Protein chains: 2
Amino acid sequence: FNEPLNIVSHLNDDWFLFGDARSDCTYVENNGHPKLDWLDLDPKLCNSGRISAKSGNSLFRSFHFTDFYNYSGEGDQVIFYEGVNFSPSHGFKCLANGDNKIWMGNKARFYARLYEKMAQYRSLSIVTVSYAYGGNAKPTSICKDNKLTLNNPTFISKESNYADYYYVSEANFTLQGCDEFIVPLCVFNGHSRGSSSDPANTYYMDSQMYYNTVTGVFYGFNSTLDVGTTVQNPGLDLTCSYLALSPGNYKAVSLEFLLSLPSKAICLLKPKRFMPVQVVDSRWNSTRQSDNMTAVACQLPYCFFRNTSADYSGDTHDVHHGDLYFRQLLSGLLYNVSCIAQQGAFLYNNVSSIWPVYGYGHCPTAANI
Amino acid sequence: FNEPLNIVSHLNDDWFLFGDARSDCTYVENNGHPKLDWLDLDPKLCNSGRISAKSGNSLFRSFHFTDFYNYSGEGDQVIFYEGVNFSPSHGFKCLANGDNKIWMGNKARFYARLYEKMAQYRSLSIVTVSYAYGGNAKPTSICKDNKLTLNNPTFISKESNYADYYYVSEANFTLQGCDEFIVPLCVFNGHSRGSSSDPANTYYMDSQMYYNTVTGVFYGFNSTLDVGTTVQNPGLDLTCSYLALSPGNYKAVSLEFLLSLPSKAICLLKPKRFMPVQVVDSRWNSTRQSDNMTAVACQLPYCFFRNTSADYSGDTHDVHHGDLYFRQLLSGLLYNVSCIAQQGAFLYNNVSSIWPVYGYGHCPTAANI
Ligand SMILES: *[C@@H]1O[C@H](CO)[C@@H](O)[C@H](O)[C@H]1NC(C)=O
Ligand SMILES: *[C@@H]1O[C@H](CO)[C@@H](O)[C@H](O)[C@H]1NC(C)=O
Ligand SMILES: *[C@@H]1O[C@H](CO)[C@@H](O)[C@H](O)[C@H]1NC(C)=O
Ligand SMILES: *[C@@H]1O[C@H](CO)[C@@H](O)[C@H](O)[C@H]1NC(C)=O
Ligand SMILES: *[C@@H]1O[C@H](CO)[C@@H](O)[C@H](O)[C@H]1NC(C)=O
Ligand SMILES: *[C@@H]1O[C@H](CO)[C@@H](O)[C@H](O)[C@H]1NC(C)=O
Ligand SMILES: *[C@@H]1O[C@H](CO)[C@@H](O)[C@H](O)[C@H]1NC(C)=O
Ligand SMILES: *[C@@H]1O[C@H](CO)[C@@H](O)[C@H](O)[C@H]1NC(C)=O
Ligand SMILES: *[C@@H]1O[C@H](CO)[C@@H](O)[C@H](O)[C@H]1NC(C)=O
Ligand SMILES: *[C@@H]1O[C@H](CO)[C@@H](O)[C@H](O)[C@H]1NC(C)=O
Ligand SMILES: *[C@@H]1O[C@H](CO)[C@@H](O)[C@H](O)[C@H]1NC(C)=O
Ligand SMILES: *[C@@H]1O[C@H](CO)[C@@H](O)[C@H](O)[C@H]1NC(C)=O
Ligand code: NA
Ligand code: NA
Ligand SMILES: [Zn+2]
Ligand SMILES: [Zn+2]
């Protein structure tokens with residue numbers, strides 16, 4: 001009786017879901033399809049006002065790229081069902097001979113930071129970050145391919161006066177309006193190249209740091225790796241950490257190569273008593289390649305991970321939208337549960353055959369009477 | 001029935017207590033005192049082999065100063081009952097016109113780091129950290145008064161060749177034998193002075209960073225404050241952060257003033273499933289001045305704080321040792337409890353009149369039948 005249910009749910013109405021197409025009710029189609037057939041989310045929750053979802057997007061995608069959706073929401077119990085819209089299938093690399101594994105590493109670190117903070121905070125949004133630059137050089141879109149263009153962090157071009165990339169550059173940026181900010185601190189870890197016409201011997205070792213003008217704290221990344229830009233020596237891409245920062249006046253200091261600074265930040269507002277987030281596995285139909293980065297990111301004590309036991313098998317829309325088991329997994333949002341724990345959600349508050357671990361809410365005992 | 005009990009306890013025998021005189025059974029006295037009267041700990045637990053306690057010491061004290069005890073222990077449920085042996089009563093300052101509030105800030109940050117990590121790790125110990133220095137200058141004991149001498153972090157003297165403190169200095173240190181290390185990264189935030197014979201205009205702005213040679217990550221502190229060493233402008237002391245670092249080859253880089261590097265580290269071994277530590281308020285009889293830094297440090301979800309409702313009132317030993325209510329609070333260690341939660345320990349696993357919050361173990365329901 002009252003076994004842990006493999007669902008995502010809520011203790012009350014104070015909940016919010018962040019998602020993608022599988023939770024996006026505003027999507028339109030002109031065909032002989034059943035109404036809202038792309039959804040894993042139940043159609044009854046479309047008018048709930050507790051969902052931030054966009055077809056073809058994710059939190060990581062909007063945080064880093066020009067394909068931007070203004071994800072925003074507030075809730076005590078935060079649920080995530082997105083992440084698939086930046087996967088190994090997309091195969092993004094900043095450079096022709098880059099590395100997707102680095103970008104999966106970035107995905108894991110971003111979500112880890114986001115999940116941990118959203119266990120301490122009610123509100124999430126994405127705000128624009130402006131910068132003051134004393135030079136004449138303007139932003140350069142270095143990290144991109146033919147599908148995606150990265151715009152966070154922003155990269156500042158070399159000044160016209162400098163012949164090489166052995167220069168020191170800096171810029172100021174203010175973080176205002178939020179209790180905490182998640183910003184990317186990134187670096188090209190390896191041998192970077194200036195212009196395609198430079199000799200084969202001259203390479204640059206990227207260095208970047210962020211500096212708090214008030215507290216004097218600085219966090220930085222120096223280049224250490226051997227990987228590069230050529231076919232003979234490949235691997236160089238953009239490794240990012242995701243820092244939780246207080247509001248204040250910050251300085252971005254680059255000691256070598258391009259100056260990089262945040263253009264976007266995850267705005268964290270309204271602190272709450274510790275309440276772990278719920279994360280639903282976000283993967284393709286196994287014809288496309290997925291990753292378990294969100295699972296790597298989803299750890300105790302800040303996060304509970306939920307997954308089905310089957311391949312993702314779309315019903316009528318396509319192979320990637322409308323899975324029966326994920327529909328049932330998400331169906332838990334239609335009602336309140338008494339206890340949300342590691343194993344799953346316990347519907348009732350009194351007794352169970354299973355002892356709840358890391359339980360939140362009004363949790364049942366597994367004792368006799 | 002089965003109300004939360006204001007005690008520290010354990011779910012099984014897999015527990016360890018870190019303490020001071022109030023838990024130190026090896027202490028000796030030649031007088032007409034009752035046996036073991038300085039203890040808050042029950043005498044029956046003296047031979048338990050689950051206590052690391054020393055009369056007149058604490059974790060912070062041993063971590064920073066020459067008054068060192070080799071605190072070591074392993075347990076799933078870690079309990080702390082120490083901290084009073086570095087308090088505002090001691091009034092420690094690195095410099096004559098320093099600031100004790102900075103050192104209380106340091107106390108809060110150290111314990112916060114320690115408590116959070118000891119919720120993820122079974123084993124705690126203090127290991128010596130060695131360094132490689134290419135110069136001739138040897139350690140200088142700059143931070144001290146007439147009671148305490150700081151030896152962590154170690155400070156390296158200025159070289160004989162340098163006329164001033166506007167130099168760049170660096171040293172290597174290896175961290176080996178532990179899964180994670182807690183080390184202090186400290187700085188004199190303000191206007192530092194070289195020799196007492198230097199003019200009134202020449203001051204130095206302390207800068208210190210630690211650098212991972214492999215990953216390229218660096219964490220640093222620059223001086224920003226206006227406080228100094230004189231009577232006219234006082235306040236300058238040593239502000240420390242407490243970093244959790246992986247094993248590896250590290251570089252300590254100082255851009256101005258003295259080079260500082262860790263001599264001691266909290267060695268973290270044997271990762272465990274998340275289990276919050278229990279912390280008992282460590283304060284003097286109200287005749288001496290105490291602090292609530294360990295309470296500031298003890299936060300959800302990694303820590304449960306326990307306090308009595310009375311002044312600390314010693315029975316026979318002195319005013320600072322052997323309190324009835326703390327004895328009863330610690331008496332919970334004599335037996336197992338079913339559930340350890342935020343409000344306290346629930347003895348029984350079945351029913352309660354109170355809903356446990358952040359419960360660990362086999363926790364009771366507050367429902368009817
Ligand atoms: C950045 O801030 C500093 C203050 O520390 C100021 O001196 C400098 O002019 C600022 N830079 C720009 C480009 O405004
Ligand atoms: C980091 O890189 C910069 C630029 O190459 C260099 O000047 C600096 O010494 C490096 N930092 C360390 C700690 O080696
Ligand atoms: C993720 O997948 C890798 C192999 O691809 C595996 O080693 C790892 O344990 C997985 N982690 C999680 C949290 O699923
Ligand atoms: C993908 O989805 C379809 C359902 O539309 C299912 O038949 C198939 O097993 C899934 N996996 C594949 C093709 O690998
Ligand atoms: C969940 O509980 C709240 C009050 O605690 C109530 O307003 C709401 O109707 C419940 N949710 C559903 C989906 O019925
Ligand atoms: C709960 O367990 C305790 C100890 O076994 C027992 O005294 C009590 O009768 C039990 N209460 C209920 C309602 O089962
Ligand atoms: C510190 O390590 C570096 C390697 O990065 C080495 O060049 C240097 O000689 C070392 N310093 C000392 C004093 O051994
Ligand atoms: C930190 O202090 C050093 C030494 O005074 C200085 O050279 C450096 O520019 C400072 N860093 C920043 C970011 O201002
Ligand atoms: C500690 O004491 C200060 C005042 O001395 C108070 O403002 C603060 O709330 C206290 N915090 C805790 C956790 O006891
Ligand atoms: C300190 O302890 C004694 C018990 O020995 C008690 O009488 C007193 O109330 C305590 N507090 C003081 C003196 O402020
Ligand atoms: C606590 O439980 C363990 C086994 O779970 C048992 O060995 C031990 O005797 C109990 N503790 C006490 C103090 O009786
Ligand atoms: C637990 O509560 C549920 C729902 O109210 C009820 O069906 C069941 O009888 C209760 N079980 C016990 C043992 O009280
Ligand atoms: Na750079
Ligand atoms: Na220094
Ligand atoms: Zn469709
Ligand atoms: Zn005595």
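Below, each value reflects all heavy atoms present in this structure, side chains not excepted, and no hydrogens, waters or symmetry copies. For ligands, and for the atoms within them, numbers begin at 1 and follow the listed sequence. The chains referred to below are lettered A, B, ... by the order of the sequence lines, with proteins before strands, and numbering in each begins at 1.
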### Task
Identify whether NZ of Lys or CZ of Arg in A/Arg61 sits under 6.0 Å from the centre of the six-membered ring of A/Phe92 and within 45° of that ring's axis.
no

### Task
Please confirm whether A/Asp13 comes within less than 3.5 Å of ligand 5 when only nitrogen or oxygen atoms on both sides are compared.
yes

### Query
Purely on distance, is any nitrogen or oxygen of A/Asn12 under 3.5 Å from one on ligand 5?
no

### Message
Are A/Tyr210 and A/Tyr219 an aromatic pair, judged by ring center distance below 6.0 Å?
### Response
no

### Query
Is the B/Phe257 to B/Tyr165 ring centre distance short of 6.0 Å?
yes

### Message
Can you name the atoms of ligand 1, numbered from 1 with element, that are less than 4.0 Å from a heavy atom of A/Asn172?
### Response
1 (C), 2 (O), 3 (C), 8 (C), 10 (C), 11 (N), 12 (C), 14 (O)

#### Entry: Distance filter under 4.0 Å to A/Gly134 heavy atoms, resulting ligand 1 atoms
13 (C)

### Task
State whether the shortest distance between N or O atoms of A/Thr213 and N or O atoms of ligand 1 falls below 3.5 angstrom.
no

### Query
In order of chain and number, which residues sit within 4.0 Å of ligand 4 by heavy atom?
A/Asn285, A/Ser286, A/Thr287, A/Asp311, A/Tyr312, A/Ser313, A/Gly314, A/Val319

### Query
Looking at A/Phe80, A/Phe18, A/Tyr302, which one forms a ring pair (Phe, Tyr, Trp, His ring centres under 6.0 Å) with A/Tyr115?
A/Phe80

### Message
List ligand 5 atoms under 4.0 Å from A/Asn336, heavy atoms only on the residue side.
### Response
1 (C), 2 (O), 3 (C), 8 (C), 10 (C), 11 (N), 12 (C)

### Query
Counting each atom of ligand 5 from 1 as listed, which ones have a heavy atom of A/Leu334 under 4.0 Å away?
13 (C)

### Query
Is the closest heavy-atom distance from A/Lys251 to ligand 1 below 4.0 Å?
yes

### Summary
So CG of A/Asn350 and CG of B/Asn368: to nearest 0.5 Å the spacing works out to 9.5 Å

### Query
Between A/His317 and A/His321, how do the two ring planes meet: parallel, tilted or perpendicular, split at 30° and 60°?
perpendicular

### Message
Could you walk me through whether A/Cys25 and A/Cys46 satisfy the disulfide bond (SG atoms under 2.5 Å apart) test, starting with their C-alpha distance in whole Å, then the side-chain angles of each, then the deciding distance to 0.1 Å, before giving a yes or no?
### Response
CA-CA 6 Å; A/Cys25 303; A/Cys46 287; 2.0 Å; yes

Any salt bridge between [X] and [Y], counting N to O under 4.0 Å?
| X | Y | answer |
| --- | --- | --- |
| A/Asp76 | A/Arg273 | no |
| A/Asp42 | A/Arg327 | no |
| A/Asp24 | A/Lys54 | no |

